[PDB]
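The chain below stands alone and is given in structure tokens; this is the form deposited in one PDB entry.
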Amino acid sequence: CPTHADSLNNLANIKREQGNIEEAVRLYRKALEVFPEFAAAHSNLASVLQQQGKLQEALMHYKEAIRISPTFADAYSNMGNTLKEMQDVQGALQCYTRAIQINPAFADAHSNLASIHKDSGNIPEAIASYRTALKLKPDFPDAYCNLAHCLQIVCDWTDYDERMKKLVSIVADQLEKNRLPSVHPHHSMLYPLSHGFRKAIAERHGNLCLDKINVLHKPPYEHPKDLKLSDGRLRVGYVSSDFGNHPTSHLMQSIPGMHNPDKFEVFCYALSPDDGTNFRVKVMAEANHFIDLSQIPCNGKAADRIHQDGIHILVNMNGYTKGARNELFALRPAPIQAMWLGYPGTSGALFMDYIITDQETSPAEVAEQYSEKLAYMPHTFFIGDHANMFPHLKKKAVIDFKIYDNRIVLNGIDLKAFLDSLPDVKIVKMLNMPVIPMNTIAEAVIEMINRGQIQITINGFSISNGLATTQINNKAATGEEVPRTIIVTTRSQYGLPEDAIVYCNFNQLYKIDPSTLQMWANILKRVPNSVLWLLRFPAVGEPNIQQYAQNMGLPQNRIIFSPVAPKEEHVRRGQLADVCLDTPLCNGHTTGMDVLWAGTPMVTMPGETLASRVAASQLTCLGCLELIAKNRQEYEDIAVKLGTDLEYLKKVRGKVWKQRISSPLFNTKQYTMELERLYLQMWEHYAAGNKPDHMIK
């Protein structure tokens, strides 16, 4: 009977929409039992199987649906989603284009094709496809919300206010009707949503992991109640898909090795394969135990492995980012599970116990926005490996081409040795700063930059054009290795004016909103000789910023764009700027540390979300409270003062330059020790028989 089968299929679609996935699977299967050649049932069953993490089984049923019905467009589009999840981009593309070929009016297929363009970095094409999807189906939350993020990326602010209004109403309606919100947890920081909505969004995405582990039917793990199996050592497991060339490793790659081997046993669990970088090599070498979980794709077997190691504290460094396997944490293989560093927000999930943060980043008055208990580090929870990765930026010298501290800059490990070979250096009491006079050697260096030469040799010392690092040493340019030569960095290299204040921001452009640019234009207008230094991140966002700046009163020549550079050049060229203007909507985090290590003062205005407060926490630990604004006026006034009071600028720049070293901000050893105290606080609380509570010291 078709009717018996049709009713079972339709009822299963209902169960699926209600979030009852188990019952949906059951009813689809009973439909196929009645009517085995049921194309819709095969495709629908494959959708919920995909949602349960059973990807290969899903593919089988999609193909069966297509055999039965060769022009079943829904099956092609749904199959593509599975292939995309399996990282088979080409396969996904071919399914989407096929479905669209079968039915050009298929809105879902256009929206799914758009997501591929988006994830490939082809934003204009993603935008066009999302608009085609919305044109065919105006009520389409996934298409609208992802379009909104596309427009955010390229700083398209057309009808921005109506866009926010729509986004919030979409989330509201979706939460009320118990749907998976079309706004991603990470993206929710960018929109004017309540804290309640943001945590709810995170909670729903956490639920997706529960769907994938319920099918495993694993029992609760037993957990260690002492440190006797581990000889009194606390067993800590760090779980990350980012052990390699990723901002995460650029922050904490030294931490596993800094740990006290007398009290701690470090297990690193990698969710990604080896990329061959020195970043991956270091962690593998310095951790007590390194486990490649990308060899164990079954979350059941993987979580089994973690549990066999006897982990006391398991650390989530991914959150809701690519490469995450949060199913591992949902299975609770460890008695204590904490979020750390990788994800700037709450998991919203019950399977997480703590978020490691600090008082400045996550004050008690806003603890409501987190589902975890707060675990305070004594200063900032943030850390960087800059002291290890870029020690060549610890000292610097300049050339008097006329005394500026950021017009023509030299750095190098062997810089002091080179300066000793020069009989006419002046030491300007600012640490102090060596100045090379405009002599034969200075002329040769400036000639190299002007003629675009790669590298010259002076007194046996290699002097490198800062723009040519990849041509000289790839590993040095990526930060895998410390540069060996003396590098030259000039404002002429990036078309920056010699006689003007340079305000910079090296974040991705999505972090900028119309409110922020307004605030920047106010500052530029009050500092006559000043430019704004931004990155083509991505480049297609450039004409948008330029146009909106015109509408705010800024001529185009006031804004200077540079391309994104290799890691080392990016950190180093921050020395050329006078002041960094931080983005209030979402701060620089890694790039915040990048700027401060260059000795550049950063002006910030902390908001309510975690992501909007990280810069203020960094500056607090750094010891520069005068760079922290309490509102937009104060933000503007601080920035305008630094740009106009040049003695105050000299004082503040000098302060930051000294404090990179003397403050605990880049001190990975002091960090690791403090992090160990927090771990022990966590463990004793549990070992004494307590459920997690705020470890706010």
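We call the rigid core whatever largest set of C-alpha positions still superposes within 1.5 Å between the two forms. Start at 1 and count along the sequence shown; that's the residue number.
Keep in mind that the form solved in complex with a partner chain is missing from the display, and what follows is about it.
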Taking the partner as it appears in the entry with it bound, which of 468-476, 361-369, 158-166, 616-624 has residues with heavy atoms within 4.5 Å of the partner chain? 468-476
Considering non-hydrogen atoms and a 4.5 Å limit, which listed residue (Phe401, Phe351, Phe197, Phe264) is close to the partner chain in the entry with it bound? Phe401
Heavy atom within 4.5 Å of the partner chain in the entry with it bound: which of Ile449, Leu234, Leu415, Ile255 fits that? Just give me the one. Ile449
4.5 Å heavy atom contact, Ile408 to the partner chain in the entry with it bound: yes
Is it the case that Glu498, even though its partner is missing from this view, gets within 4.5 Å of the partner chain in the entry with it bound, heavy atoms only? yes
Does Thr516 make contact with the partner chain in the entry with it bound, using a 4.5 Å heavy atom cut-off? no
Taking any heavy atom pair closer than or equal to 4.5 Å as contact, tell me whether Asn522 reaches the partner chain in the entry with it bound. no
Taking only shifts of 2 Å or more in Cα after a rigid core superposition between the shown form and the other one, tell me which of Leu680, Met673, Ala687, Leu11 qualifies. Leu11
With the core lined up, does the C-alpha of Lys650 move 2 Å or more between the shown form and the other one? no
Please check if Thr71 moves between the shown form and the other one, taking a CA shift of 2 Å or more relative to the superposed core as movement. yes
